S.K.: 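For reference, the structure I am asking about is given below.
First the proteins, then the strands, lettered A, B, ... as listed; each starts at 1.
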Number of protein chains: 2
Amino acid sequence: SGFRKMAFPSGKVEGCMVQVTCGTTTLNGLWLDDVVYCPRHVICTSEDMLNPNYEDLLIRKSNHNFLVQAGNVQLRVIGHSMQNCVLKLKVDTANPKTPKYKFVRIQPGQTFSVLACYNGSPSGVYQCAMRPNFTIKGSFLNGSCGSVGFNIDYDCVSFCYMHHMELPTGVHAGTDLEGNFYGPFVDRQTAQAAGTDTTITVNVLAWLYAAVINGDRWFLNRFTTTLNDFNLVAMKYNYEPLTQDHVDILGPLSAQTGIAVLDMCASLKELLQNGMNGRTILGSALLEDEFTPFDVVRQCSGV
Amino acid sequence: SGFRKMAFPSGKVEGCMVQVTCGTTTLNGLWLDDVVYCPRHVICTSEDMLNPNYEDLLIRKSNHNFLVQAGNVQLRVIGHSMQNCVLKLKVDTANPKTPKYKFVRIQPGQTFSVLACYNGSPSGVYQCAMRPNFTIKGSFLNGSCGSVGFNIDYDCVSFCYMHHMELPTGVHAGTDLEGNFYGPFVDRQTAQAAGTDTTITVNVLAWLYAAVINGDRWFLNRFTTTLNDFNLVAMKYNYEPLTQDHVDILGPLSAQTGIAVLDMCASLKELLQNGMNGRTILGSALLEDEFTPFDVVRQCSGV
Ligand SMILES: COc1cccc2[nH]c(C(=O)N[C@@H](CC(C)C)C(=O)N[C@@H](C[C@@H]3CCNC3=O)C(=O)c3nc4ccccc4s3)cc12
Ligand SMILES: COc1cccc2[nH]c(C(=O)N[C@@H](CC(C)C)C(=O)N[C@@H](C[C@@H]3CCNC3=O)C(=O)c3nc4ccccc4s3)cc12
């Protein structure tokens, strides 16, 4: 038992991290088969960054302008192309550590592991959720762009994020591995705002089930509510609406604990209206919404 | 910027995880050079577990009773010996992925990354602190024993933990890689209690500095206190005493923020006496003590 924010083991992704240099700018890149993927603004100069015309900038480059380093070994670039906000560099060597992989775009409310890298060298791994407003609450410093986010299913790495930007509020924005931004952001040196955010209701309920499985029961009550009346309270507290599919997804956790989803919703309503009264749930003094139902089942099945 | 609980990249340790089977019992093991390390109670039968005489149990074993599997490839055991609560199995093949490593025992208050493994296969990575009472608040299921904890410095993996037990309270206990338990626990199928725990004061202060670096300032005040008077308040709230070495260790963070350690102590005293008044620090509604000063500097230097 125990419930901890947990990342996927990162070794399969570590074996794919390289360093891409163009001019004086060096970013992280992702080497899969004979292609390296990196943020396209590696081709920018300090003068270009306010509003680059990237098509123009890249037409003015050739293969020999890109230095790709995999460890101490330099990779020969033999082709280049634009992939929305990602640059694709064809190299003459397929990565021998390429895992089974795919490129999958995730939904707000889903989680993934981030492998933070600096100078092509992995530095830390952590978990985070795609917020409803398409930002992530990450931890990224100068030099981190091109770090990727991913999930692992059996042997397959599903890459879902490459890092590009930090907003003025200190949250982070990036693209899928096709170079398409999550949310209304652009890869320019400008201050950009996200939309208002909301709390991921289905994840809060999943985490309350995790708590019960781990012996935290003080917030439970004999009461139940209806879906409509729950969502009336949810809207008041800036919580997302709960769907029947959300209920159905919570079915297994409901069955494991013997607590109907709408019974747990009555606990959440009381927590939202009354606070915690100085108590904690799974070591937190607030309602946590960055664990999916899948994340919970992965740590709590069989407890 | 941003501050997230962050583990070390796990790939160097992933390349060392194997599976050790004795009889019907299979545990995780750690393969470094030509030695596999695992919890000694892999040799136990259901009848032996209440109070095994491990010396007797192991004398009754020979090399061919141990099946070591590294992936699909079986490793030939050519020697065995007892190492306190760890078994050492000599195999005929040195692990070609052995990283630079050492075995280091950590102090309460220090942090490390855990690579949770089941059936020799890595499943998740997370960070945790050795509590003052020598337990860890982990996430471990049936089948997890032999999973290890570690820190990485440059290229060197310092292994500090191998997992053995879950206490009745749901916290976890284990040994260093020499097989010596952290705390007053024994490897028997018995319910065991830890000593009372305390809050790691120096880590709370480190995390308050992390908060300031990340723009959370509401808890600051123009006041300062003395070390003696702070520790009088700390003792009241079950916080560890703050030493001058703790102050000295916090020096860099003090210099980066321009906030004297004893000035921050006055903020902590007010937080301890007044609570948060419904506000958060770095996304938490309680005072967090599982980040060391080193952990903070690693994410906040240069912000
Ligand atoms: C007036 O401009 C602002 C006003 C208010 C907030 C702001 N934020 C950013 C902004 O984020 N810019 C992007 C770059 C843009 C072009 C996508 C950027 O620096 N990305 C970083 C990751 C950042 C660093 C800090 N923590 C992070 O996550 C990345 O590593 C990259 N470095 C470089 C360096 C050179 C060339 C490319 C890259 S790409 C600008 C900005
Ligand atoms: C009346 O006995 C209790 C009363 C109240 C609380 C209790 N806790 C334990 C207790 O923890 N036992 C140890 C084993 C002891 C011998 C060190 C144990 O099961 N370790 C697990 C990791 C545990 C599983 C649940 N989550 C965890 O972390 C491990 O994987 C191992 N599995 C086996 C299986 C067979 C042989 C060896 C091992 S070693 C006993 C106990």
S.K.: Could you check which of B/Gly15, B/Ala7, B/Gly2, B/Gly283 has the highest count of heavy-atom pairs closer than 4.5 Å to chain A?
M.R.: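 Max contact count across the listed options: B/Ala7.
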S.K.: What part of B/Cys117 gets closer than 4.5 Å to chain A, counting heavy atoms only: side chain, backbone, both or neither?
M.R.: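 Neither part, no heavy atoms under 4.5 Å.
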S.K.: Would you mind telling me which of A/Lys5, A/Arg4, A/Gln127 makes a side-chain contact (heavy atoms from CB on, under 4.5 Å) with B/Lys5?
M.R.: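 Going through the options one by one, the only one that passes is A/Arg4.
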S.K.: Can you see which heavy atom on B/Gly11 is nearest to which on A/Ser10, and at what distance?
M.R.: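 Reported closest heavy-atom pair: N-OG, 4.3 Å.
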S.K.: Checking side-chain contact (heavy atoms from CB on, under 4.5 Å) between A/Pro9 and each of B/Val125, B/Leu115, B/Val13, which is the one that passes?
M.R.: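 Output: one option passes, namely B/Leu115.
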S.K.: Select one option (side chain, backbone, both, neither) describing which atoms of B/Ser144 are under 4.5 Å from chain A's heavy atoms.
M.R.: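 Answer is neither: B/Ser144 stays 4.5 Å or more from chain A.
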S.K.: What option among B/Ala116, B/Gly170, B/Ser123, B/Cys128 has the most heavy-atom pairs under 4.5 Å with chain A?
M.R.: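 Answer, by heavy-atom pair count under 4.5 Å with chain A: B/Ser123.
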S.K.: Pick from A/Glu166, A/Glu288, A/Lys137: which one has the most heavy-atom pairs with chain B under 4.5 Å?
M.R.: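 Max contact count across the listed options: A/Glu166.
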S.K.: Considering only heavy atoms, which portion of B/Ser284 lies under 4.5 Å from any heavy atom of chain A: side chain, backbone, both, or neither?
M.R.: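 Contact with chain A involves the backbone of B/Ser284 alone.
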S.K.: Listed by chain and number, what are the salt bridge (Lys or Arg N to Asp or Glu O under 4.0 Å) partners of B/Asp289, not counting sequence neighbours?
M.R.: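 Salt bridge (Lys or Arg N to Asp or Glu O under 4.0 Å) check on B/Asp289 returns B/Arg131.
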S.K.: If you round to the nearest 0.5 Å, how far is OG of A/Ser139 from CG of B/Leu282?
M.R.: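 Nearest 0.5 Å value for the CG-OG distance: 10.0 Å.
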S.K.: Which residues pass the side chain to side chain donor-acceptor pair (under 3.5 Å) test with A/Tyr161, not counting sequence neighbours?
M.R.: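 Partners of A/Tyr161 by the side chain to side chain donor-acceptor pair (under 3.5 Å) criterion, ordered by chain and then number, come out as A/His163.
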S.K.: Select one option (side chain, backbone, both, neither) describing which atoms of B/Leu286 are under 4.5 Å from chain A's heavy atoms.
M.R.: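 Both backbone and side chain.
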